[PDB]
């Protein structure tokens, strides 16, 4: 289906309401590395089994959290192109599942949001690096480090100042311990934006003061659960304040080169000075590598989802056509 448009009414409102109660997981229900999508699934804004269409994800992030339309389109179609089934139009918000339907040929993985190095990647705040065995489950030790950083830099709340310090701490922890640490291109961009989302979208919309309390933080990050009486944000937003997080500790894109403490800058990577290059590499290298020579029906589904992705790309970038027009 076509990407949904913006909300007709973007006011703050109760989203933890009678039609969207929290429920625990049933056998087979899928949760993944994103506390936002996990919460929408666990309140029935998404299918509770954690398998959804791109149109369902965009409608859910808008309706439940007031995620802005352009950000919703960009992230949802990027995730879907690399992790979703383009023929069935289904994406797992976590593990690979037969529920997304018959797989395309390799090297396409259709691995769900849990797939390392497509969307998901290293130096997550509350999830471990894939090298350490689990890139998707809530991690109590890492959450307690978020709490400690909130206590030291946020007077006990998570805010953009905390985000700037913890983002850097998590990068330095991956450099020191993950010999395969990768922090380039799409992950370099998304890792900074994600640190703003708790301050912008998990804060009750009646306050909208960017100060997330640790009870609410644990409820979203661990239990995929809105606070009792949670109001969504009072206007559409996604990553506003990311400039504060970058400014705290500016980093160049790079990777460890098969050993700890070997962080080597990659001059072929996009960075914040080359946002259009991030889009071009994502399509020309990442998507094309999964679907190098697609059959007629896949090519058509790729071209449709690539058009939708471009709708979420900031004005002033040129659309690229890896399978022609």
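Residue numbers count along the first chain shown, from 1.
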query: Hey, which bit's got the bigger mean C-alpha B factor in the entry, 292 to 300 or 64 to 72?
result: 292 to 300
message: Regarding 103 to 111 and 180 to 188, which shows the higher C-alpha temperature factor on average in the entry?
response: 103 to 111
query: If you check the C-alpha B-factor for each of 44, 33, 28, 36 in the entry, which is highest?
result: 28
query: Which third, lowest, middle or highest, does the CA B-factor of residue 88 fall in along this chain?
result: highest
query: Of the three thirds of its chain by CA temperature factor, lowest, middle or highest, which one includes residue 165?
result: lowest
task: Would you mind ranking residue 278 by its C-alpha B-factor against the rest of the chain and naming the third, lowest, middle or highest?
output: highest
- request: Can you work out whether the C-alpha temperature factor of residue 260 puts it in the lowest, middle or highest third of the chain?
  value: highest
message: Splitting the chain's C-alpha B-factors into thirds, which one does residue 249 fall into?
response: lowest
